[PDB]
Each structure stands twice: as structure tokens, then as C-alpha cells.
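Down below is the structure, laid out as C-alpha cells.
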Amino acid sequence: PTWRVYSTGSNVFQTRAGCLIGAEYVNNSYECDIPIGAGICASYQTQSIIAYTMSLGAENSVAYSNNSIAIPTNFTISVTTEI
Amino acid sequence: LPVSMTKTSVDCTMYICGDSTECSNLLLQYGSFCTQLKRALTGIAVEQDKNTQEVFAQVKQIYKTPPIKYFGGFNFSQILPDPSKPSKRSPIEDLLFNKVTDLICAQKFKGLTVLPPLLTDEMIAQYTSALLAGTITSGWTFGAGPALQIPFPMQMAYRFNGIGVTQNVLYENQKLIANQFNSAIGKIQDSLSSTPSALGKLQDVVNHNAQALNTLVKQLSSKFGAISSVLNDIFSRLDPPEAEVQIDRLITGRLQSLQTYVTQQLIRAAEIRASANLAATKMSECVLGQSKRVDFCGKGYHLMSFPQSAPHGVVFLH
Amino acid sequence: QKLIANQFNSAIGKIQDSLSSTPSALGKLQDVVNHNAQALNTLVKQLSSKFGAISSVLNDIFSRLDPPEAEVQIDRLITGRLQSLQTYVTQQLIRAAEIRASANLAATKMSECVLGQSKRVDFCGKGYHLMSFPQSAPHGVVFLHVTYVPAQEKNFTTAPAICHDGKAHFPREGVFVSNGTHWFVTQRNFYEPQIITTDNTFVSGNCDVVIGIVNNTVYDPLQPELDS
Ligand SMILES: *[C@@H]1O[C@H](CO)[C@@H](O[C@@H]2O[C@H](CO)[C@@H](O)[C@H](O)[C@H]2NC(C)=O)[C@H](O)[C@H]1NC(C)=O
Ligand SMILES: *[C@@H]1O[C@H](CO)[C@@H](O[C@@H]2O[C@H](CO)[C@@H](O)[C@H](O)[C@H]2NC(C)=O)[C@H](O)[C@H]1NC(C)=O
Ligand SMILES: *[C@@H]1O[C@H](CO)[C@@H](O[C@@H]2O[C@H](CO)[C@@H](O)[C@H](O)[C@H]2NC(C)=O)[C@H](O)[C@H]1NC(C)=O
Ligand SMILES: *[C@@H]1O[C@H](CO)[C@@H](O[C@@H]2O[C@H](CO)[C@@H](O)[C@H](O)[C@H]2NC(C)=O)[C@H](O)[C@H]1NC(C)=O
Ligand SMILES: *[C@@H]1O[C@H](CO)[C@@H](O[C@@H]2O[C@H](CO)[C@@H](O)[C@H](O)[C@H]2NC(C)=O)[C@H](O)[C@H]1NC(C)=O
Ligand SMILES: *[C@@H]1O[C@H](CO)[C@@H](O[C@@H]2O[C@H](CO)[C@@H](O)[C@H](O)[C@H]2NC(C)=O)[C@H](O)[C@H]1NC(C)=O
């Protein structure tokens, strides 16, 4: 109903789910809020709306060896809710 | 185990009316059926992604296997990722993907579309690789807190104690156990490659969704008691006094058909949700730990389990 | 005891703030309430639909037309309203099935996590289960799970067995560790080193069949007593 967003100012992005107008692609990867699709999702922060590929989590590497073990020396008590 | 189902969206006006405007004007007078149908379909679509998150996104961190792959004689080559291929998938995963597979355009032109998933196949493969790395390098410690390294033969000794067998049985039979494990993995790969009916459940899900869509498309060729199955010929051949009856009857028939489609989809989604919940439970208790429950994680005394991803589902090697 | 008590009290203190601050922690029960309200409101609003009739009010239809036409108008309205009722009933049945599944899960959880201790992973919390407490919420239940989580881990060098006097020794219930110079036996979930003796080890075969065995000594409690 006559509200077309032309180009340029809102930018144009080609995702696998469609055409996105209003958000600027960034090369970073964040745990995102608003899912769009095909691994691309958007958020609000800069000031503007940004789209990015979601990050699954922090990379970790465990020091495996033939004769290496890791043993705890302390503990923590945790209380969690389930509804 | 199936996990997710195809996400579909339906456009009311293009299905019921098509390219007629007066039909739309009459359709405005029959309530808020379209809001209900669209809301239900959107709910199913969101639930599918929720199912996939519950089944696969269980580890906070993405673990990596060491550059040197020595694990006491166990091979693990057929389940770990292959860096040569761009998809970064294990051989078993490649067979599983290649074993499960104008009509789309015809369906699209009637208002029936398919939406893409939130998680691509690469991300699911990455999650499975993280789970495998954690279970090989750490054991069950990475599911109850921080990941602690432990040599693989000692992990197998602990898992042998878990089923009532002492450690010396493993430590004096290491090579035989390793050879049996390697032969079992090879036979699993060969049997999966040979028999094509092993993946029947996922294929059944896909076929059932496709058949439902085809039935919905074919319901547009029925007259429901009117004089023709096309709206333009009804409007161009009768006066508005009498065209209303025919248009009303066609609209009622098409609305009823689309309602039936929605109800069937809701029931199927409930069944798939049950399957996904079972898959999540299996991932928690067979992969992240050792299970004392009989026949839950295979036939015999459970030692361990390995996950793999398949189109719209998961495959557990027990 | 005192440290564990303080940790538990701190966790129970923080849980109330965690529930209060976040306004979307109780989304499931609110979703149930909203779904019922929406279904009822939609059923109410369907009464204003004409459904191809001259009007949505029956009295005017009866008061303005002859029986031959009033009949068809009211038949249209009756058919539409009955279809609406049937749709409502079917949706209610499906939602009832979902709620029954959730209630069965809740009953199983209260039987296995509250009335006992569960060895199932990730069933009564994230970590190692200790106990659980139930609380009642509008149209549902809230479980508070208490869990043991390890922390402050340390590296060590391990060995499958210890060879002494041409015999292989294995730990009964622990693991062999070394701090660089001496070897100890410790339980697998908490660091508590102890001297390797005959009481906490058992012998099985000679020490030329186990890969990775380590030379060391095993201290026999009887010899010092019989030597004194
Ligand atoms: C195990 O962890 C607890 C806390 O989780 C440690 O207790 C803390 O010790 C520091 C330093 O003495 C104090 O500042 C804190 O107030 C203590 N916390 C509590 C809750 O009392 C404890 O020292 C740790 N034990 C070891 C051996 O590292
Ligand atoms: C201890 O680990 C090392 C590797 O960290 C093993 O040495 C070999 O390392 C190469 C690396 O290219 C691997 O391909 C081999 O599989 C490893 N094993 C052998 C027998 O060559 C070493 O073997 C391990 N120690 C023992 C006793 O097995
Ligand atoms: C793990 O198994 C793979 C097979 O799945 C081994 O790779 C084979 O190695 C033999 C060498 O005798 C070749 O003839 C085959 O063509 C290889 N097959 C593939 C698919 O590469 C691999 O060597 C095994 N791991 C180790 C450490 O030996
Ligand atoms: C146990 O040893 C491993 C390897 O020696 C440690 O992992 C290293 O941690 C340092 C941080 O001080 C990193 O800079 C290295 O990159 C890590 N190496 C690897 C291979 O991951 C590990 O931190 C040690 N454990 C503890 C509790 O200190
Ligand atoms: C490994 O642990 C042993 C036992 O605790 C350590 O030996 C003791 O070290 C302390 C520290 O100076 C001395 O006061 C004791 O007299 C030692 N006892 C014995 C029986 O030797 C040893 O130093 C530790 N090694 C390392 C590298 O930390
Ligand atoms: C552990 O002890 C055994 C026996 O004390 C060692 O085996 C001997 O090694 C020497 C080499 O210095 C040979 O000359 C002997 O023939 C071996 N056998 C015996 C019975 O003495 C062994 O090397 C030690 N170390 C390990 C890692 O096993």
C-alpha cells in the first residue's frame, strides 16, 4: 500500500530466504535475537539494524595426550528452575 | 530418528480466488479464517526450528579434535569430519545425505510455498563434530560442567566398570577390542551403503508432506455442485443475482479443504515433536553419558554412542 | 559443611531475583492462558460474520422477508456458526493432548527427581543431581534442582597400572596420578591424594602385557607392624 523503500539508503542484501532492505551486513558473528533464515539473522546496535551469520559458540580445544588427566579441586552448588 | 518437518506457508487469496477481485471482495465477508490458518502454520514453522535447537544445540562450546589422531588403536575416521570436501562431512554423513532425496513451480503459482530452515546443514554438522570431539577427548565430563581430558583407553576402562567388568579385561585385550570396533564401523558403513530401505522414516515424512500438498492442489479442480471450476466463467456467464450462490459454494468447498490440510498438519507436527523429544533424550543420556536402562541405547550392555546428521533427522551409532 | 550451606543459601537467595528480574521466564503458562483467551475471543467475534447473508442479526432477517428467503439466510448462518464451533472443538482436543503429554512428563519428574535421586543425565538439571524441590504456579509446577558442578581443575600425569615385584596393580575405585615426582591414588571426581598400598589396589597378572605401565612401589601395612 504505497510505502516502497527504494534503495541505497536502506541497502540491499541477497540472502537465501529473500531480499532484505533496511539492514547492513556485518562480518562479525553474534548470538542473535531475530531469526531471518539460512543462518542469517538480525539485531539492533551500532543506531541501525544489522544482519549477520549467527555464531554457534566459542571455539575450545582440549589438550589431549596419551598420559594427561585433569582432576577437579573444588565444587559449586547450583540451583536451576524448570517450569 | 526424525527431528524436523518441512515448513510450509499458504496464501488464502491466491488459492481460493486467484486472479479475481470480486471474489476477494466476497471473501472479505466470511470472517477471520485466514488469520487462524496463517497463525497455525507459523506456529508449526517456529516449532520445527525449536525442535532442531533442542536436539542439537546442547553444548555451549565448539570443541576440536587434536591435530594428531591417535586414540589407542581406535580409528574414528569414518565418523570424524573430512577436510577435503567443502561440506566438511564424515563419510557416513555423505552416504546418508546422498541416500535421502516443475511440480514446485506449479505449487508455488497456487500460493503454496516452502520456507527455509534457520540452521543450515553445515551448522548441524559443526554441532555433531563438536559433540564427537567432546566425547572422544573428555568423556562424559563435558556434559556436567567443564571438559576434562582423559586418555581414551582409561575412558573405556571406566565404561567397562560401569557394566560390571573390571579394568584388567580391557587393559589385557586392547588390540582385540580395537580391531572389533574398527570392523564393526566398517560393516556399518557397508551395510548402510548397500541396503537402501534403512532410511525409510525420513523418506516417509517427505513423501507424506508432498502427497498432502498434491491433494490440496488437486482439490481446485472440483466443482462442489456449481456449474464450473473456474471463477471467471461463472462471473462472465451469469448475473450478480445468481453468481453469488455458485461463488459461495466454491468458496466454502475450498475453505473446507484448506482447513482439513491445516488440521492434518497439526497432528503430524505433534507426532514429529514427540519424535524430536525422544531424540533429545537419547542425545542427553546415550551420547553425553552411559545408560543403565535396558534396550534404550541399543541391544546389549551400553558402552557409548555417536551422533550423525541426516536430512530432517539424526542417526545414532550405539 | 559450612561452605556447602553458604553456597546453597546464596543460590536460593539469587533464584528469587532471577525469577523476578526476567519478565519472560514464565512464558509457557502465559502462552497457555493467552491461547485460551484468543480462541474464545475469536469464537465470539465470528458471530459478526455475514457468511453471504443479508445481515448478521437474525431478528431483522425474520422480520423483513418471507419464509422461503428467511429460510436460506438462516441456513447459511447456521452452517457457518456450526463450522466455527467444530473448529474450536478440534483445536481444543489437540491442545488437550499436548497438555496431557506435558503433565505426564511433570509427574515422571516429580516421581524421579523429588522422591529420589536420578542418574539420568540432563533430566533433573545440568550437572550431577542432588535433590529437587517443587513449587506450585498457576496452571503448572516449578522444580528447583540442586546440582554439583566441578570447578578449579588441575593437570596431572596418569598411568594405567603400577608394576611392582613383577606384578601389575590396578586401583579399586580411583585413578593413579603424579605431581612430577611421586605417585598417588585419588578418587575421580575430587582431588584427594593417598599413598598407594595393598588395601586400595588389586593385582592381576604380570606387567608385560599392559601398555603404559609405570614402575613404582606399593607400601604394605603389615611389614612395619611385624618389624616392630
Ligand atoms: C573452593 O571455592 C570456595 C568458593 O566457591 C572458596 O571459598 C572462598 O575463598 C575465598 C578466599 O579465601 C574467599 O574470599 C571467599 O569468600 C570464599 N567463598 C566462600 C563462599 O566462602 C574456597 O577457598 C575454595 N577452596 C579451595 C581449596 O580452593
Ligand atoms: C603417544 O602419542 C603419540 C602421538 O602424540 C604417538 O606417536 C605417534 O604419532 C603419530 C603422529 O603422526 C601418529 O600418527 C601415530 O598413530 C602415533 N603412534 C604410533 C605408534 O606411531 C604414540 O604412539 C603414543 N604412545 C603410545 C605408547 O602409543
Ligand atoms: C582408518 O580406516 C581407514 C579406512 O576407512 C583407513 O584408510 C585405508 O587405509 C588403507 C591402507 O591399508 C588403504 O588401502 C585404504 O584405501 C584406506 N581407505 C580410505 C577410505 O582412506 C585408515 O588407514 C585407518 N586408520 C589408520 C590409522 O590406519
Ligand atoms: C593443562 O595443560 C594444557 C596444555 O599444556 C593447558 O592448555 C594450554 O593452556 C594455555 C593457557 O595457559 C594456552 O595458552 C595453551 O594454548 C593451551 N594448550 C592447549 C594445547 O590447549 C591447560 O591450560 C592445562 N590445564 C590447566 C588447568 O592449567
Ligand atoms: C609432589 O608431592 C610430594 C608430596 O606432597 C612433595 O614432596 C613434599 O614436598 C614438600 C614441599 O617442599 C616437602 O616439604 C616435603 O618434605 C616433601 N615430602 C616428601 C615425602 O618428599 C613433592 O615436593 C611434590 N613435587 C612437586 C614437583 O610439587
Ligand atoms: C621398569 O622396571 C623393569 C625391571 O626393573 C625394567 O625392565 C628392565 O630394563 C632393563 C634396562 O635398563 C633391562 O636390562 C632388563 O632386562 C629389563 N628387565 C628386567 C627384569 O630387569 C624396565 O625398563 C623399567 N621401566 C619401564 C618403563 O618398564
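Note that chain A carries Swiss-Prot numbering, so the residues on display, from first to last, are 631-676, 690-726.
The header says electron microscopy, 2.8 Å.
Backbone N, Cα and C atoms are what each Cβ position is placed from, and that goes for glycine too.
Taken from Swiss-Prot, the feature disulfide bond applies to A:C662-A:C671. Per Swiss-Prot, the feature N-linked glycosylation site maps to A:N657, A:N709, A:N717. Residues or ranges marked as O-linked glycosylation site by Swiss-Prot: A:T676.
Features recorded in Swiss-Prot, as mapped to the structure shown.
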residue: A:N657; record: N-linked glycosylation site; contacts (Cβ under 8 Å, 6+ apart): A:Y695
residue: A:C662; record: disulfide bond; contacts (Cβ under 8 Å, 6+ apart): A:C671, A:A672, A:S673, A:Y695, A:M697
residue: A:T676; record: O-linked glycosylation site; contacts (Cβ under 8 Å, 6+ apart): A:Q690, A:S691, A:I693
residue: A:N709; record: N-linked glycosylation site; contacts (Cβ under 8 Å, 6+ apart): none
residue: A:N717; record: N-linked glycosylation site; contacts (Cβ under 8 Å, 6+ apart): none
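Proximity to chain B (CB-CB distance below 8 Å) holds for none of the recorded positions A:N657, A:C662, A:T676, A:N717. For A:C671 (disulfide bond), other Cβ atoms within 10 Å of its Cβ number 19.
Under 6 Å, Cβ to nearest atom of ligand 1: this is the test, and of the recorded positions A:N657, A:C662, A:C671 it is passed by none. By the rule that a residue counts when its Cβ sits under 6 Å from some atom of ligand 2, the recorded positions A:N657, A:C662, A:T676, A:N709, A:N717 yield A:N709. Proximity to chain C, defined as a CB-CB distance below 8 A, holds for none of the recorded positions A:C662, A:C671, A:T676. Secondary structure at A:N717 (N-linked glycosylation site), as computed by DSSP, is strand.
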